[PDB]
């Protein structure tokens, strides 16, 4: 089965940076979009996607210029580099995969808590 596993969350000071990772395994399809979502307690919010083959990226306005998505094809891992973190960025962050237009595969999520100190 396709498996997505996030890592890298935790407590970070507002204005700081955090890098999340998503390990993709069990994949039989050669191309797809990897996406990062988050959910606060507040419907789930799309943040960023990257096409596996050519690394085409797509960002939500909420994070454009602060978050950067990338992927390592040798390690089959997708990353979300989150800079200038805001208190409102506190959420559980999920990676997901869409083979066509729908995100059918989801990781379990990693909590990110942005603190004032």
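Numbering follows the first chain given and starts at 1.
J.: Checking chain continuity here. Are there deposited residues lacking coordinates between residue 41 and residue 42, and if so is it 1 to 3, 4 to 9, or 10 or more (or none)?
T.: Per the deposited record, the segment joining residue 41 and residue 42 lacks coordinates for 1 to 3 residues.
J.: Would you determine, from the values in the PDB entry, which of 12-20 and 95-103 has the greater average C-alpha temperature factor?
T.: Higher mean C-alpha B-factor in the PDB entry: 12-20.
J.: Regarding 28-36 and 85-93, which shows the higher C-alpha temperature factor on average in the entry?
T.: For C-alpha atoms only, the mean B-factor is higher in 85-93.
J.: Residue 74's Cα B-factor: lowest, middle or highest third of the chain?
T.: Residue 74: CA B-factor falls in the highest third of its chain.
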